[PDB]
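Have a look at the structure below, then the notes.
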Number of protein chains: 2
Amino acid sequence: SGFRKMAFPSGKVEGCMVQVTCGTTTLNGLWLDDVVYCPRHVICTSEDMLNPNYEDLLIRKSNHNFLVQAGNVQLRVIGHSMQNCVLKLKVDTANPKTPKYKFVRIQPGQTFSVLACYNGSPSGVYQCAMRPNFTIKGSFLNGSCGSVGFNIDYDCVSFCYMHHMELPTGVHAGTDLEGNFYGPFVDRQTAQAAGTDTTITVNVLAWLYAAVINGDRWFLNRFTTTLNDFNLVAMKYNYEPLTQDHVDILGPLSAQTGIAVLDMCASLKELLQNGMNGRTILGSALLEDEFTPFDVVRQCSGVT
Amino acid sequence: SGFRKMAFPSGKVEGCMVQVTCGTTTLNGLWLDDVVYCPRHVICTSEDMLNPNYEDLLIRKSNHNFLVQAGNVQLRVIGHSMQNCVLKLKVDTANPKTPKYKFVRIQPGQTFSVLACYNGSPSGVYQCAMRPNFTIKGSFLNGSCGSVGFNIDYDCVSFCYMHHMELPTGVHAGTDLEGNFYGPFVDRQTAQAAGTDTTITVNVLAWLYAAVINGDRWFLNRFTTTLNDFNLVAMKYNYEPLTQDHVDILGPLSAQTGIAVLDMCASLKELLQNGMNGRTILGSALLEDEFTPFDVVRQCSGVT
Ligand SMILES: CN(C)c1ccc(N(Cc2ccccc2)C(=O)Cn2nnc3ccccc32)cc1
Ligand SMILES: CN(C)c1ccc(N(Cc2ccccc2)C(=O)Cn2nnc3ccccc32)cc1
């Protein structure tokens, strides 16, 4: 029992982190096979970020201007290419620690682990979610760019995020490993404000199921609701609409606890309308939305 | 910016996890040098746990009854000894992945990362704290025993915890790596109830400093207090007494923000007395106490 904001074990990803320096900019890169992926803004100075023309800035860079260091040893860059907002630096040595991997583009509401790095060195690992406004609420300082987000399925790491920027509101924006930003964000220091950060309803319900599995049951009420009635209340509280797809995804948790998905919806409806009244659920005083139904099943079954 | 419940990168510890089976009990062990450490209750059946005489049960076990498997390969046990509540299984092969390590006994209020394991395989990593009642609020299922808690200082892992049991209230108990339990808990399935789970005051203050550093400043008030006045309020709310030692430990965070420690104490006093009023601090609706002042400085400076 017990339910924690658990990240994937990070060893497989630690073995891929390298330092990338271009000019006076130093950030992190991900070394998989004989390619090192990093934010294309490594070619920029802080002044360039106001109005960068990446293609033009990249013309002034050659293979020898990209300093790639894995641990305390230098890697030889034999090629470089820009793919959307990432640079692919071809090196003459395949990473001997390359795990089985995939590049995936996640959808909002999906969770992943971030391995925060500085100078190619891992500092920490935390769990986060792709917000419905395509930002992430991470913990990143200057130098953390190129840190990656991932999920692990047994021995295959699915890389889904690479850190690029922090918006003025303290939220984070980045790309998948093909260099395409999540949401409408661009790697330009211009006016970029995030949309509404709605709550991931299906995730809250999964976490309410985790609460019941782990003994926190005070919020279970005598009521039920419909998808439409629930959604009328959820809209009012800036919660994402709950679909029949989400109900289907919560089927296994509903089966494990014996609580129908719409009954949990009614409990969530009362929590939104009445508040917590100074009570907690799984040690939290708010409704947690950064656990997917899959994460709940995973943690409650002990998948390795 | 951003402040997350960040765990240490787990690779160094993943390279030490092995599976230990004795009879029908399978749990995890920590392999450092040519020794595998594991809970002594590996020699017990579920029935033995009611009234185990470990010395007597251990007489019926020989080196060949301890099956140690690292990945998919078996390790040869050439010796075994009981040290308090842990078994030390000597193997004929030193772990080639042994990091620089120390065994440390932490004090309540200190935080550490747990690498939850099943069958010698890592499932996840989360951050937790030694509670003032010597329990930990972890996420452990049957089979997770032998999972370890640790801290990392650059390249040296300080192992501080090994998981042994879950009490009826869903809280967890375990030992340091010399096999001595934290608190009064014993590896016997008898009546064991935890004491008051008080709040780690110095940790809450450190996290309030992290909030100010990361832009959440709404709770800063026009007041100050004394250690004695603060402690009168803190006692009332089941908060640990704040000492001059704690004030000294918060000195660097006080310097970084320009907020005197006693001014932050007065802000914390108003938060306890008035509540949050439906507001949040660093995405939490309660006062977080599982970040030490050292963790706050570490995360806010990007120590690798
Ligand atoms: C190339 N260099 C010198 C560079 C310099 C600055 C940046 N920016 C500014 C920026 C914002 C928004 C859009 C385009 C740029 C970042 O936001 C980078 N960043 N990422 N996470 C961070 C956390 C704390 C501090 C900085 C952080 C990127 C690149
Ligand atoms: C040796 N075997 C068969 C064994 C069998 C059971 C246990 N107990 C019971 C127990 C409680 C308190 C005191 C002494 C025993 C545990 O609590 C072990 N444990 N640890 N974390 C857990 C999370 C979920 C479920 C079980 C968990 C230990 C050993």
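Can you tell me which of A:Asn65, A:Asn95 is in contact with a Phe, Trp or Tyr (Cβ under 6 Å, 6 or more places away or on another chain) and not hydrophobic (A, V, I, L, M, F, W, C)? Every option except A:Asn95 fails the conditions. B:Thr201 satisfies every condition listed in (1) within 16 Å of ligand 2 (Cβ to nearest atom); (2) in contact with a strand residue (DSSP E or B) (Cβ under 8 Å, 6 or more places away or on another chain) except (1).
Considering region B:163-197, the residues that are in contact with a helix residue (DSSP H, G or I) (Cβ under 9 Å, 6 or more places away or on another chain) and more than 12 Å from every other protein chain (Cβ to nearest Cβ) include one that is surrounded by the fewest Cβ atoms within 10 Å (Cβ to Cβ), namely B:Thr190. Considering (1) within 30 Å of A:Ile259 (Cα to Cα); (2) within 12 Å of ligand 1 (Cβ to nearest atom), the lone condition that A:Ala206 does not fulfil carries the number (2).
For region B:6-45, a residue qualifies if it is of a type in the set (S, T, N, Q), outside any loop (DSSP other than H, G, I, E, B) and more than 13 Å from every other protein chain (Cβ to nearest Cβ), and the qualifying residues are B:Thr21, B:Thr25. Please verify whether A:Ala211 is within 28 Å of A:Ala7 (Cβ to Cβ), in contact with a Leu (Cβ under 6 Å, 6 or more places away or on another chain), away from ligand 1 (no atom under 16 Å from the Cβ) and not assigned by CATH to the domain that holds A:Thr135, treating the condition exactly as stated. Against the criterion (within 28 Å of A:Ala7 (Cβ to Cβ), in contact with a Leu (Cβ under 6 Å, 6 or more places away or on another chain), away from ligand 1 (no atom under 16 Å from the Cβ) and not assigned by CATH to the domain that holds A:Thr135), A:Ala211 qualifies.
In region B:209-304, counting only helices (runs of 4 or more DSSP H) that sit wholly within it, the ones holding 2 or more residues that are of a type in the set (D, E, K, R) and within 12 Å of chain A (Cβ to nearest Cβ) span B:293-301. Consider region B:50-75 and keep the residues that are touching a residue at least 40 places away in the same chain (Cβ under 8 Å) and among the polar types (S, T, N, Q). The one that is nearest to B:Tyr118 (Cα to Cα) is B:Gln69. Number of residues in region A:81-93 that are surrounded by 21 or more Cβ atoms within 10 Å (Cβ to Cβ) and either assigned to a strand (DSSP E or B) or without any contact (Cβ under 8 Å) to a residue 40 or more places away in the chain (or both) equals 4. Only a single item in (1) within 16 Å of ligand 1 (Cβ to nearest atom); (2) away from every other protein chain (no Cβ under 14 Å); (3) not polar (S, T, N, Q) is not met by B:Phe3, and it is number (2). I'd like the full set of residues that are crowded, with 21+ Cβ neighbours inside 10 Å, within 11 Å of chain A (Cβ to nearest Cβ) and either within 9 Å of ligand 2 (Cβ to nearest atom) or part of a loop (DSSP other than H, G, I, E, B) (or both), limited to region B:144-162. Once the filter is applied, which keeps residues that are crowded, with 21+ Cβ neighbours inside 10 Å, within 11 Å of chain A (Cβ to nearest Cβ) and either within 9 Å of ligand 2 (Cβ to nearest atom) or part of a loop (DSSP other than H, G, I, E, B) (or both), region B:144-162 yields B:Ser144, B:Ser147.
Reconstructed Cβ throughout: ideal geometry from the backbone, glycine too, with neighbour counts over all protein chains shown. What is reported rests on the model, the rules as stated and the sources as named; no laboratory read-out is quoted.
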